[PDB]
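Just one chain is shown here, as structure tokens, and it is the form deposited in one PDB entry.
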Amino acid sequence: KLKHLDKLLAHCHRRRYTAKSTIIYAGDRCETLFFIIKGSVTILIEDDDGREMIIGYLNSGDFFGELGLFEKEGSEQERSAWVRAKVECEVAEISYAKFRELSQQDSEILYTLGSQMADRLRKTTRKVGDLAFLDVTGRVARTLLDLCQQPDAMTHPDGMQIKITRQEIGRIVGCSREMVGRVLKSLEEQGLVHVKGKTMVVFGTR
């Protein structure tokens, strides 16, 4: 299961982050690995023009701040992205040093980190393909269907219910909020979606 990380979680300070609080700022030094006990985070980078873009989300059981543990040519790395609390989050903080020791005495901790990193690489590579091959309408639709199969998605009698804004969809797909607003109203009249303010229901997805 995940028992092998209990030796790790016993050596963790636990912090709380309210919604929208920034946990990691892109560009900083990397000395701390995080582990989500409760809540969820948003991974944001900045685009060619400096605009925010949402890459994805991490949830319970996920490590973050781990890419800085691995040094290209053996020297300091900086935080590759911003990690912001999406809802209220209880996270466990562990030093890179204590991790190296614990991943020294038990290699299944690296194996778990590797599984999570591999899945992130698969998802981000598909995101590359979505941006290159799909126009905005197809990207909004693929985002709704994708969020329906990720955690924090809700079973609805007519399908699934996800908690998300059109501003957030626009930052995910790479367009303005007013055009994602148009696409969402068109997809609604076509029977794919319902917008509910702070929640959207995607039909035919259960």
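Note that residue numbering begins at 1 and tracks the sequence as displayed. Superpose the two forms; the largest set of C-alphas matching within 1.5 Å is the rigid core.
Only in words, not in the display: the form deposited in another entry, which the text now covers.
Trainee: Would you say whether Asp47 is displaced between this form and the one not shown, judging by a C-alpha shift of 2 Å or more on the superposed rigid core?
Mentor: The answer is yes; the displacement is at least 2 Å.
Trainee: Regarding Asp48 and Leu134, go with closer or farther for their CA spacing in that other deposited form versus this form, the difference being 3 Å or more.
Mentor: Compared with this form, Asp48 and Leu134 lie farther apart in that other deposited form.
Trainee: Relative to what we see here, could you say if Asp48 and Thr22 have their Cα atoms closer or farther apart in that other deposited form, with a change of 3 Å or more?
Mentor: Note: Cα gap between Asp48 and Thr22 shrinks in that other deposited form.
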